[PDB]
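Taking it in order: structure first as structure tokens, then the write-up.
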2 protein chains.
Amino acid sequence: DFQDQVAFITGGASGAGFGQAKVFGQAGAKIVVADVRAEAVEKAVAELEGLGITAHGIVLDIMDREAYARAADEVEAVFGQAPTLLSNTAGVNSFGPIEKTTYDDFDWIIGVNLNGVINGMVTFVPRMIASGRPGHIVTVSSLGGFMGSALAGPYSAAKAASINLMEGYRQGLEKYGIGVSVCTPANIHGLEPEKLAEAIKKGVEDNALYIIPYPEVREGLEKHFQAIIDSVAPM
Amino acid sequence: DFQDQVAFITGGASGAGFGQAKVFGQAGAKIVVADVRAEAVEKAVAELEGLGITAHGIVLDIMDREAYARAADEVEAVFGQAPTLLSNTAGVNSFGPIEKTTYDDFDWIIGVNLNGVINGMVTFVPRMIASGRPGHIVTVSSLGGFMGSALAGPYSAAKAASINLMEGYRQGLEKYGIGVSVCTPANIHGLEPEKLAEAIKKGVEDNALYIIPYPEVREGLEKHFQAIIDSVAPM
């Protein structure tokens, strides 16, 4: 189903990233674990090889644009082609009052949750297009992307941009047979990493723009959006 | 009404920024024109003084965090207090296919339309809180912030974050008697700069979170949001 697909997953040495590695791998995908913690990568790829998944590890801070370029070359060296599946799953956060936020807070959080995915898109999109192969791109953003918050202001804002940016790339890349999705988990008891992983693989198969596997949020999302619509001036 | 209010307006040497300078100034506000084009600032402040508005010019690239800090000091030197009204109105854009986007495209566009407003918020928010005075903060974002696009991908994404970030600061700053709004013009024949300016001044008075003076967009905005809601998994 995903046999002879290559998947590049950021923040894949853990959580949702790793869940994806496992789920896509069990479906036949060759996997590339990109994560910053070198020890965790080593562990994670081993555990994948232990599951009969062919897997390669790359230690990478996605905020480094040149290293992101090296990795992408590495991927073509190892598996003889550019990825056919990109997952920007890496994420970080810290809580606290939005007023108290500092430049370092911003740089770090915006850096991972937005700039990290931009670097991903700029790096791979041309290579994926040049391959002339069908492909797909997921970004694990957040539900907080749909609604700014006082305690996760920076994080929510960056996720708000990744959602939008995916909305944009979907339109751009359809003509290239490359689908685009964005997953918006409810992180504001809680959906398990493998559960969410299966939701993403389904979304990829369905070529869904949005992946929101949380029936409970519907009410609040409707309410947040109505407030906006209601703000629209008459007549 | 705005007598003895101080207003710091980015991208105020032109367009919506300048419109605001005029509108708020005619209402009694002392004005600070912050814009990068030194000649345009000079012209703009003159034209304001010509209208009986007390006005000071500051040449400033908002992407420079330290200069943004110098300006904020300058503002307190000149008018003997931190601003009581902040407007992040500065904006830039360039059209083209989202796939073709480059790092410089991103840095420039994200830099002005997002990082510029973050620098604004980080600079002034503490000073405004420390003043112990009521205040207000507007960001002129965009309607494209509510919907990502193939031809204005970077721009739309940054505006998507500023909207969200304002959504967040509103919640944070209410306890400080500081309101927050975001204006989302329809820039995707067209509302005049002074017309839009009056809409913002009304929004400031009303302490409205959203300022969307474009009755026509309602249908499309409803449609975009429903698509999201419809993506929410049953049950």
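Ligands are numbered from 1 in the order shown, chains are lettered A, B, ... in the order of the structure tokens, and residues start at 1 in each chain.
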Inset, instruction - Report the residues of stretch 102-212 of chain B whose backbone DSSP state falls under strand (DSSP E), written as a count of residues only. - result: 14
Please produce chain B as an mmCIF file with C-alpha atoms, in the first residue's frame once it has been superposed on chain A, the fit using all Cα atoms paired in sequence order.
data_model
loop_
_atom_site.group_PDB
_atom_site.id
_atom_site.type_symbol
_atom_site.label_atom_id
_atom_site.label_comp_id
_atom_site.auth_asym_id
_atom_site.auth_seq_id
_atom_site.Cartn_x
_atom_site.Cartn_y
_atom_site.Cartn_z
ATOM 1 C CA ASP B 1 0.000 0.000 0.000
ATOM 2 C CA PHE B 2 2.939 2.220 0.919
ATOM 3 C CA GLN B 3 5.400 -0.343 -0.425
ATOM 4 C CA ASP B 4 8.351 1.427 -2.070
ATOM 5 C CA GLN B 5 7.407 4.763 -0.599
ATOM 6 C CA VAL B 6 10.039 6.822 1.199
ATOM 7 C CA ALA B 7 8.985 8.831 4.251
ATOM 8 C CA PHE B 8 10.911 11.675 5.924
ATOM 9 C CA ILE B 9 9.568 12.323 9.416
ATOM 10 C CA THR B 10 10.719 15.156 11.651
ATOM 11 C CA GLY B 11 10.475 14.673 15.420
ATOM 12 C CA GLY B 12 10.170 11.033 14.509
ATOM 13 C CA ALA B 13 12.324 9.709 17.325
ATOM 14 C CA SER B 14 9.327 10.176 19.578
ATOM 15 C CA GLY B 15 5.590 10.645 20.014
ATOM 16 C CA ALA B 16 3.461 11.192 16.937
ATOM 17 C CA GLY B 17 6.500 11.280 14.705
ATOM 18 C CA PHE B 18 7.545 7.802 15.828
ATOM 19 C CA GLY B 19 3.997 6.503 15.704
ATOM 20 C CA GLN B 20 3.985 7.541 12.055
ATOM 21 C CA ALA B 21 7.273 5.782 11.390
ATOM 22 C CA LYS B 22 5.770 2.616 12.783
ATOM 23 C CA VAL B 23 2.421 2.903 11.042
ATOM 24 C CA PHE B 24 3.806 3.860 7.608
ATOM 25 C CA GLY B 25 6.586 1.332 7.997
ATOM 26 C CA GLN B 26 4.203 -1.509 8.781
ATOM 27 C CA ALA B 27 2.482 -0.486 5.548
ATOM 28 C CA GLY B 28 5.705 -0.905 3.562
ATOM 29 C CA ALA B 29 7.271 2.549 3.661
ATOM 30 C CA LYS B 30 11.001 3.046 3.879
ATOM 31 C CA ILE B 31 11.519 5.464 6.759
ATOM 32 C CA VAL B 32 13.885 8.324 7.545
ATOM 33 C CA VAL B 33 13.887 9.331 11.206
ATOM 34 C CA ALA B 34 14.923 12.956 11.497
ATOM 35 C CA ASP B 35 15.211 14.200 15.078
ATOM 36 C CA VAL B 36 17.697 16.273 17.035
ATOM 37 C CA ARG B 37 18.363 13.990 19.962
ATOM 38 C CA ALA B 38 21.027 11.671 18.510
ATOM 39 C CA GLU B 39 20.581 8.984 21.177
ATOM 40 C CA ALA B 40 16.809 8.912 20.689
ATOM 41 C CA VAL B 41 17.199 8.575 16.952
ATOM 42 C CA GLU B 42 19.503 5.589 17.415
ATOM 43 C CA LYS B 43 17.005 3.936 19.740
ATOM 44 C CA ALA B 44 14.060 4.739 17.494
ATOM 45 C CA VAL B 45 15.522 3.371 14.255
ATOM 46 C CA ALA B 46 16.661 0.206 16.054
ATOM 47 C CA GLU B 47 13.148 -0.318 17.330
ATOM 48 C CA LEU B 48 11.952 0.115 13.744
ATOM 49 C CA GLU B 49 14.454 -2.360 12.335
ATOM 50 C CA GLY B 50 13.231 -4.610 15.136
ATOM 51 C CA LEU B 51 9.799 -4.409 13.509
ATOM 52 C CA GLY B 52 11.045 -5.377 10.056
ATOM 53 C CA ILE B 53 10.958 -1.774 8.906
ATOM 54 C CA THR B 54 13.839 -0.621 6.758
ATOM 55 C CA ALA B 55 14.845 2.651 8.435
ATOM 56 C CA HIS B 56 17.580 5.290 8.357
ATOM 57 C CA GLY B 57 18.410 7.791 11.080
ATOM 58 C CA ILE B 58 19.485 11.410 10.619
ATOM 59 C CA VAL B 59 20.359 13.708 13.506
ATOM 60 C CA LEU B 60 19.059 17.101 12.471
ATOM 61 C CA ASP B 61 18.008 20.431 13.884
ATOM 62 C CA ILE B 62 15.422 21.484 11.291
ATOM 63 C CA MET B 63 16.117 25.158 12.122
ATOM 64 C CA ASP B 64 19.465 24.679 10.344
ATOM 65 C CA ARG B 65 18.665 25.224 6.673
ATOM 66 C CA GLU B 66 21.937 23.856 5.327
ATOM 67 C CA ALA B 67 21.886 20.725 7.438
ATOM 68 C CA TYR B 68 18.321 20.246 6.244
ATOM 69 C CA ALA B 69 19.813 20.363 2.756
ATOM 70 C CA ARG B 70 22.524 17.853 3.643
ATOM 71 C CA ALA B 71 19.941 15.437 5.053
ATOM 72 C CA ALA B 72 17.866 15.675 1.866
ATOM 73 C CA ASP B 73 20.949 14.688 -0.086
ATOM 74 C CA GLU B 74 21.674 11.965 2.404
ATOM 75 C CA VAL B 75 18.163 10.658 1.794
ATOM 76 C CA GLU B 76 18.811 10.402 -1.915
ATOM 77 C CA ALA B 77 22.177 8.740 -1.298
ATOM 78 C CA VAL B 78 20.758 6.108 1.031
ATOM 79 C CA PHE B 79 17.447 5.312 -0.689
ATOM 80 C CA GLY B 80 18.372 6.480 -4.187
ATOM 81 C CA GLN B 81 15.565 9.019 -4.430
ATOM 82 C CA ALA B 82 13.967 12.020 -2.818
ATOM 83 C CA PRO B 83 11.193 11.275 -0.348
ATOM 84 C CA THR B 84 7.697 10.623 -1.644
ATOM 85 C CA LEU B 85 6.200 11.415 1.771
ATOM 86 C CA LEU B 86 7.148 14.398 3.991
ATOM 87 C CA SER B 87 5.981 14.768 7.560
ATOM 88 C CA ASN B 88 6.686 17.944 9.494
ATOM 89 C CA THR B 89 5.748 16.628 12.929
ATOM 90 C CA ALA B 90 8.445 18.142 15.135
ATOM 91 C CA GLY B 91 7.055 20.515 17.740
ATOM 92 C CA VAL B 92 7.983 22.218 21.003
ATOM 93 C CA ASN B 93 6.177 24.326 23.547
ATOM 94 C CA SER B 94 6.422 26.139 26.834
ATOM 95 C CA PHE B 95 3.553 27.598 28.806
ATOM 96 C CA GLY B 96 3.338 31.002 30.433
ATOM 97 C CA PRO B 97 1.617 34.373 30.160
ATOM 98 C CA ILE B 98 1.749 35.774 26.638
ATOM 99 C CA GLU B 99 2.672 39.225 28.002
ATOM 100 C CA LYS B 100 5.779 37.792 29.618
ATOM 101 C CA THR B 101 6.985 36.214 26.390
ATOM 102 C CA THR B 102 10.573 36.924 25.363
ATOM 103 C CA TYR B 103 12.498 36.971 22.118
ATOM 104 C CA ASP B 104 14.138 33.648 22.975
ATOM 105 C CA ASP B 105 10.741 32.156 23.757
ATOM 106 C CA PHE B 106 9.597 33.324 20.324
ATOM 107 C CA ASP B 107 12.678 32.328 18.363
ATOM 108 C CA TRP B 108 12.724 28.845 19.809
ATOM 109 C CA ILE B 109 8.999 28.147 19.490
ATOM 110 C CA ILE B 110 8.431 29.933 16.176
ATOM 111 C CA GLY B 111 11.710 28.402 15.006
ATOM 112 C CA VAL B 112 10.591 24.817 15.480
ATOM 113 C CA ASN B 113 6.893 25.011 14.897
ATOM 114 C CA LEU B 114 7.000 27.338 11.873
ATOM 115 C CA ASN B 115 10.484 27.965 10.516
ATOM 116 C CA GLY B 116 11.240 24.279 10.846
ATOM 117 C CA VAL B 117 8.382 23.402 8.522
ATOM 118 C CA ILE B 118 9.220 26.165 6.068
ATOM 119 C CA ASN B 119 12.771 24.816 5.845
ATOM 120 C CA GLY B 120 11.212 21.413 5.252
ATOM 121 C CA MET B 121 8.965 22.683 2.472
ATOM 122 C CA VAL B 122 11.689 24.742 0.791
ATOM 123 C CA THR B 123 14.117 21.831 0.941
ATOM 124 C CA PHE B 124 11.964 19.013 -0.359
ATOM 125 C CA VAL B 125 9.229 20.514 -2.587
ATOM 126 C CA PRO B 126 11.541 21.115 -5.561
ATOM 127 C CA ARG B 127 13.145 17.683 -5.174
ATOM 128 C CA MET B 128 9.729 16.027 -4.958
ATOM 129 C CA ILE B 129 8.548 17.863 -8.059
ATOM 130 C CA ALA B 130 11.738 17.042 -9.950
ATOM 131 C CA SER B 131 11.269 13.354 -9.139
ATOM 132 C CA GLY B 132 8.127 13.439 -11.251
ATOM 133 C CA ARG B 133 6.558 10.983 -8.834
ATOM 134 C CA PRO B 134 3.285 11.263 -6.943
ATOM 135 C CA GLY B 135 3.834 12.266 -3.349
ATOM 136 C CA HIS B 136 2.270 13.767 -0.244
ATOM 137 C CA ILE B 137 3.026 16.206 2.581
ATOM 138 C CA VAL B 138 1.655 16.298 6.104
ATOM 139 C CA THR B 139 2.305 18.830 8.789
ATOM 140 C CA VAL B 140 1.278 18.015 12.337
ATOM 141 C CA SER B 141 0.208 21.447 13.508
ATOM 142 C CA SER B 142 -2.313 21.951 16.328
ATOM 143 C CA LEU B 143 -5.914 22.831 17.185
ATOM 144 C CA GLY B 144 -4.473 25.879 18.923
ATOM 145 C CA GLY B 145 -3.645 26.995 15.412
ATOM 146 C CA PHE B 146 -7.383 27.703 14.982
ATOM 147 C CA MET B 147 -7.560 29.775 18.182
ATOM 148 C CA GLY B 148 -4.941 31.985 19.855
ATOM 149 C CA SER B 149 -4.385 31.594 23.594
ATOM 150 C CA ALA B 150 -2.942 33.519 26.515
ATOM 151 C CA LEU B 151 -0.806 30.634 27.827
ATOM 152 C CA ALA B 152 0.420 29.216 24.525
ATOM 153 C CA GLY B 153 0.487 32.377 22.481
ATOM 154 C CA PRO B 154 3.672 31.841 20.463
ATOM 155 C CA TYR B 155 3.010 28.155 19.879
ATOM 156 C CA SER B 156 -0.597 28.708 18.774
ATOM 157 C CA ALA B 157 0.481 31.431 16.378
ATOM 158 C CA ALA B 158 3.128 29.312 14.670
ATOM 159 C CA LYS B 159 0.662 26.456 14.305
ATOM 160 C CA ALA B 160 -1.826 28.926 12.868
ATOM 161 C CA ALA B 161 0.703 29.731 10.153
ATOM 162 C CA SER B 162 1.558 26.094 9.384
ATOM 163 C CA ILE B 163 -2.126 25.310 8.910
ATOM 164 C CA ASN B 164 -2.477 28.259 6.541
ATOM 165 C CA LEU B 165 0.772 27.488 4.776
ATOM 166 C CA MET B 166 -0.396 23.913 4.168
ATOM 167 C CA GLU B 167 -3.707 25.337 2.909
ATOM 168 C CA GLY B 168 -1.561 27.213 0.408
ATOM 169 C CA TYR B 169 0.734 24.381 -0.637
ATOM 170 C CA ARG B 170 -2.213 22.099 -1.240
ATOM 171 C CA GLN B 171 -3.489 24.499 -3.889
ATOM 172 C CA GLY B 172 -0.020 24.876 -5.379
ATOM 173 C CA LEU B 173 0.993 21.238 -5.534
ATOM 174 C CA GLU B 174 -2.199 19.540 -6.713
ATOM 175 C CA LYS B 175 -1.104 20.130 -10.268
ATOM 176 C CA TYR B 176 1.961 18.033 -9.432
ATOM 177 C CA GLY B 177 0.002 15.068 -8.111
ATOM 178 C CA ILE B 178 1.340 15.964 -4.677
ATOM 179 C CA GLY B 179 -1.261 16.077 -1.950
ATOM 180 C CA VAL B 180 -0.961 18.151 1.200
ATOM 181 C CA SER B 181 -2.625 17.723 4.574
ATOM 182 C CA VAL B 182 -2.399 19.346 7.967
ATOM 183 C CA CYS B 183 -3.155 17.496 11.204
ATOM 184 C CA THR B 184 -4.464 19.533 14.117
ATOM 185 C CA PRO B 185 -4.349 17.542 17.335
ATOM 186 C CA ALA B 186 -6.195 18.776 20.440
ATOM 187 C CA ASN B 187 -3.318 19.675 22.768
ATOM 188 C CA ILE B 188 -4.675 22.623 24.811
ATOM 189 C CA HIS B 189 -7.040 11.171 28.390
ATOM 190 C CA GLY B 190 -5.856 12.460 25.019
ATOM 191 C CA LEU B 191 -5.465 10.513 21.783
ATOM 192 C CA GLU B 192 -2.640 7.936 21.776
ATOM 193 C CA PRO B 193 0.382 8.381 19.469
ATOM 194 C CA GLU B 194 -0.402 5.284 17.431
ATOM 195 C CA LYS B 195 -4.094 6.153 17.294
ATOM 196 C CA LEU B 196 -3.291 9.609 15.892
ATOM 197 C CA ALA B 197 -0.757 8.009 13.562
ATOM 198 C CA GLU B 198 -3.403 5.809 11.970
ATOM 199 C CA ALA B 199 -5.576 8.933 11.581
ATOM 200 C CA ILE B 200 -2.823 10.626 9.635
ATOM 201 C CA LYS B 201 -2.211 7.575 7.378
ATOM 202 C CA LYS B 202 -5.917 7.528 6.635
ATOM 203 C CA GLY B 203 -5.824 11.255 5.878
ATOM 204 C CA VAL B 204 -2.896 10.686 3.524
ATOM 205 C CA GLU B 205 -4.771 7.916 1.716
ATOM 206 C CA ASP B 206 -7.920 10.062 1.550
ATOM 207 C CA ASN B 207 -5.860 13.095 0.499
ATOM 208 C CA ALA B 208 -7.661 15.118 3.145
ATOM 209 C CA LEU B 209 -6.713 18.748 3.695
ATOM 210 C CA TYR B 210 -7.632 18.611 7.379
ATOM 211 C CA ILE B 211 -7.081 15.746 9.800
ATOM 212 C CA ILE B 212 -9.046 16.421 12.963
ATOM 213 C CA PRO B 213 -9.702 13.067 14.667
ATOM 214 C CA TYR B 214 -11.366 14.649 17.705
ATOM 215 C CA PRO B 215 -15.202 14.675 17.399
ATOM 216 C CA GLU B 216 -15.387 16.573 20.703
ATOM 217 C CA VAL B 217 -13.871 19.852 19.454
ATOM 218 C CA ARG B 218 -16.564 20.456 16.831
ATOM 219 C CA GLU B 219 -18.760 22.608 19.087
ATOM 220 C CA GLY B 220 -15.968 24.965 20.154
ATOM 221 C CA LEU B 221 -14.562 25.289 16.661
ATOM 222 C CA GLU B 222 -17.987 26.218 15.341
ATOM 223 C CA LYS B 223 -18.253 28.812 18.097
ATOM 224 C CA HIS B 224 -14.843 30.359 17.471
ATOM 225 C CA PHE B 225 -15.531 30.714 13.765
ATOM 226 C CA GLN B 226 -19.020 32.170 14.246
ATOM 227 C CA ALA B 227 -17.568 34.944 16.387
ATOM 228 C CA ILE B 228 -15.443 35.854 13.392
ATOM 229 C CA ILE B 229 -18.361 35.683 10.939
ATOM 230 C CA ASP B 230 -20.452 37.763 13.327
ATOM 231 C CA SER B 231 -17.717 40.414 13.296
ATOM 232 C CA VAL B 232 -18.185 40.884 9.558
ATOM 233 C CA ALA B 233 -19.733 44.320 9.005
ATOM 234 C CA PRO B 234 -23.245 44.609 7.640
ATOM 235 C CA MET B 235 -24.746 44.855 5.175
#
Legend entry - Residue set, chain A restricted to alpha helix (DSSP H), as a VMD selection string: chain A and resid 15 to 25 38 to 49 65 to 79 103 to 110 116 to 131 153 to 173 193 to 206 218 to 231
